[PDB]
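Undergrad: Sharing a structure below in structure tokens format, with a few things to ask.
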Amino acid sequence: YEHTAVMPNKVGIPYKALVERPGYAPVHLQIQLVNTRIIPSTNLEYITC
Amino acid sequence: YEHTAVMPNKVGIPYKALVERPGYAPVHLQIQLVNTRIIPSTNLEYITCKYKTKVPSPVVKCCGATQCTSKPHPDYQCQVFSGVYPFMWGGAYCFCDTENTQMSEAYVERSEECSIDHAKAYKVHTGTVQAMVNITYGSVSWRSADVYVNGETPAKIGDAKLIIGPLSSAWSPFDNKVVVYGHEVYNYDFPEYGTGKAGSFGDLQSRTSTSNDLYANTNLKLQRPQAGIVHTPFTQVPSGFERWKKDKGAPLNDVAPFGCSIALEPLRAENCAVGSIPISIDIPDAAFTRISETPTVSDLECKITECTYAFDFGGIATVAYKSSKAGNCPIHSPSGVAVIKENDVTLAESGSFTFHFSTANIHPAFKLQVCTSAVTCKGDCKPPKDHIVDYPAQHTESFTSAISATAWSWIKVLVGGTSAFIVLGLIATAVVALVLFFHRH
């Protein structure tokens with residue numbers, strides 16, 4: 001079963017949801033972030049000293 | 001007790017019904033079909049295969065000429081070629097220069113592969129219909145026996161006598177003339193054993209697989225042997241059976257509507273779904289109990305916890321009862337809004353049981369009976385997430401099964417208030433005639 005939603009961009013705050021498959025019991029769901037890294041692509045031009 | 005009703009012509013879907021006998025508790029009757037065969041009556045006209053023209057050895061007259069007689073043979077041809085002067089191994093064959101005669105006689109017969117691959121030409125005449133029914137009632141288990149689908153034959157299965165009624169439509173997938181090649185059948189016309197166009201389908205027609213008679217036109221034509229060698233060269237159009245095997249349409253088991261599987265050895269047409277089948281089953285009274293045997297129930301309240309639109313059993317309802325004593329009585333829904341998965345139930349002293357149903361309505365309004373006591377159920381349903389499934393529909397789809405309560409109220413003011421608005425306009429005319437009549441006196 002597939003469950004789609006929107007979570008906010010906070011690290012320590014868990015996102016809780018209850019998936020509802022028809023004919024079946026609901027299942028608790030918990031998604032939590034640990035890291036969020038933005039990695040830009042860099043190219044070296046020169047060094048200085 | 002006889003029970004006469006009608007049934008949709010379906011294979012997988014069972015027919016659930018309750019028999020209402022006065023003075024007796026109602027029993028559960030279930031009818032399920034297994035096969036449904038339409039068997040026409042056929043007679044074989046001829047078979048067809050690739051030909052093989054054998055050439056007998058020719059006579060080489062050295063000094064003279066000969067003639068030939070019309071020998072009885074299919075597509076027999078003859079000619080006489082003069083002045084041949086043939087050369088064999090070790091010098092010439094004859095002596096008379098430019099005065100000779102070669103025979104070159106040819107004759108058409110059927111191939112040795114005709115006993116393996118051939119097309120059989122049949123003419124279809126309307127025949128009989130038979131099927132297979134599964135029987136259970138009360139506490140008697142499932143058992144099956146073959147019946148005949150007509151209006152006359154009584155079939156005794158178990159202890160009950162069942163008469164399967166005739167089909168509501170005489171539709172058959174077969175044409176007047178069918179041709180059977182190997183595993184599959186076709187709807188193709190024949191040259192009817194008198195004709196054959198030498199290259200299409202009937203250039204070799206034999207009345208049975210080992211007939212001495214054989215009709216065959218193949219445009220055989222004998223040509224002149226050349227440059228002093230001994231051979232018989234001929235010329236004919238290629239095989240029409242071989243040409244039929246390439247330029248060939250789809251078979252009838254890939255084309256026939258209503259899901260008609262087509263089998264071979266009695267040439268049936270299995271599991272078609274068309275029309276309706278009436279029944280008449282005489283249930284014995286030995287499976288009937290009195291009113292005092294069954295426990296009456298009371299204080300019924302039914303609540304649908306969850307419903308789904310799909311044609312799996314996706315509706316669950318819980319109903320609480322208050323029975324006089326423990327027992328087992330069947331449940332049934334007489335309306336067509338819902339079908340019920342289980343038949344009987346385990347009763348107790350004021351318990352509650354759950355049953356699974358499958359509707360096709362947004363808001364179901366069906367009712368069901370337990371121990372000849374009715375109770376009304378209602379609720380709301382949600383659409384299913386799936387788009388395509390691998391099993392057919394358990395329910396049936398009606399005209400008003402798709403209308404929600406919001407759209408039902410929206411059409412209740414577009415034909416309710418508007419038609420009542422002309423009532424206001426009509427009575428204004430009816431009172432302006434009265435108020436003008438009173439002005440006179």
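Chain lettering (A, B, ...) mirrors the order of the structure tokens, residue numbering begins at 1 for each chain separately, and ligand numbering begins at 1 in order of display.
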Tell me as a PyMOL selection string which residues belonging to chain B come within 12 Å of chain A, counting only C-alpha atoms.
TA: chain B and resi 305-310+312-317+356+381-386
Undergrad: Could you pull the residues within 10 Å of residue 13 in chain A, counting only C-alpha atoms, minus those fewer than 2 positions along the same chain, as a count of residues only?
TA: 10
Undergrad: By how many Å are CA of residue 279 in chain B and CA of residue 164 in chain B apart?
TA: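 Distance reported for this atom pair: 4.9 Å.
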Undergrad: Could you check how far CA of residue 340 in chain B sits from CA of residue 132 in chain B, in Å to one decimal?
TA: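 CA of residue 340 in chain B sits 23.3 Å away from CA of residue 132 in chain B.
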Undergrad: Where in range 213-382 of chain B does DSSP assign strand (DSSP E), given as a ChimeraX atom specification?
TA: /B:221-222,234-235,261-262,269-270,279-282,297-307,315-323,331-332,338-340,352-359,367-370,374-376
Undergrad: Which residues come within 10 Å of residue 3 in chain A, counting only C-alpha atoms, excluding same-chain residues fewer than 6 positions away, as a count of residues only?
TA: 6
Undergrad: So that I can check the surroundings of range 22-30 of chain B, please list as JSON, numbers by chain every protein, DNA and RNA residue that reaches within 12 Å of it, counting only C-alpha atoms and ignoring chain neighbours fewer than 6 positions away.
TA: {"B": [1, 2, 3, 4, 5, 7, 13, 14, 15, 16, 133, 134, 135, 136, 137, 138, 139, 140, 141, 142, 143, 160, 279, 281, 282, 283, 284, 285, 286, 287, 288, 289, 290, 291, 292, 293, 294, 295, 296, 328, 329, 330, 331, 332, 333, 334, 340, 341, 342, 343, 344, 345, 369, 370, 371, 372, 373]}
Undergrad: Quick check for you: according to DSSP on this backbone, which residues of range 21-182 of chain B are classed as helix (DSSP H, G or I)? Reply as a list in words.
TA: residues 112, 113, 114 and 115 of chain B
Undergrad: Output the selection as a PDB file, in the first residue's frame - C-alpha atoms for each residue.
TA:
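Okay, this is what ended up in selection-v5.pdb:
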ATOM      1  CA  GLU B 112       0.750 -38.997 -47.418  1.00  0.00           C
ATOM      2  CA  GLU B 113       0.511 -36.197 -44.840  1.00  0.00           C
ATOM      3  CA  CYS B 114      -3.281 -36.071 -45.328  1.00  0.00           C
ATOM      4  CA  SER B 115      -3.724 -38.458 -42.380  1.00  0.00           C
TER       5      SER B 115
END
